[PDB]
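S.K.:
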Amino acid sequence: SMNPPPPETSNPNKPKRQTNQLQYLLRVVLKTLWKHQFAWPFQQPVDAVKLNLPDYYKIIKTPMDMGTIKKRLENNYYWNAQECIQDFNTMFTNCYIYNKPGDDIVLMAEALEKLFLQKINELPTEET
Ligand SMILES: COc1ccc(/C=C(/C(=O)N2CC(=O)Nc3ccccc32)c2ccccc2)cc1
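Numbering (the authors' numbering), first residue to last: 42 to 169.
1. In terms of residue numbering, what span does the alpha helix (DSSP H) encompassing residue 200 cover?
2. Is the CB-CB distance between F79 and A152 below 8 Å?
3. Tell me the rounded alpha-carbon separation between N44 and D128.
4. Whole angstroms is fine: what's the gap from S51's alpha carbon to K141's?
5. Take the Cβ of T109 as the centre, count every other Cβ of all protein chains shown within 10 Å, and call the residue buried at 16 or more, exposed below.
Following this line, the structure appears as structure tokens:
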């Protein structure tokens, strides 16, 4: 089982903005999760070949990872914060769908998600 192409990170056809909420997603949310001891499984797309998970992309049809999110933020891919927040939540959801409760990787995702929810609770007001 081969890996699929990665999610899109560049698309000049898609309109973009640079906004204080999106800046916060990078500078606070992404950086907080990225530096966490439990980040490494989530810092790039799932490599189904290396990890010997031939069924991963048969089960997970909307893959997402922080490597992709970091590219999206750094390369200003998004129109709004909710798109980026959706990405995070897709990545968590995929983990929980694919694995079993109390698997280490589920514990790792839950720790990152706790931090994520606390940062998103303080998402700044949109500048006007
Ligand atoms: C410390 O225990 C761990 C750590 C990571 C993983 C999961 C990894 C991972 O993303 N996946 C996808 C996944 O969702 N589950 C899974 C199950 C078995 C093996 C790998 C994985 C991973 C990531 C990078 C390198 C190697 C593995 C699973 C358990």
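Backbone N, C-alpha and C define an ideal beta-carbon position, used for all residues, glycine too.
M.R.: Working from what's here:
1. Any answer about residue 200 is impossible in this case: the structure gives the chain only from 42 up to 169.
2. Yes.
3. C-alpha separation (whole angstroms): 19 Å.
4. Distance between the alpha carbons of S51 and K141 is about 33 Å.
5. Buried is the call here.
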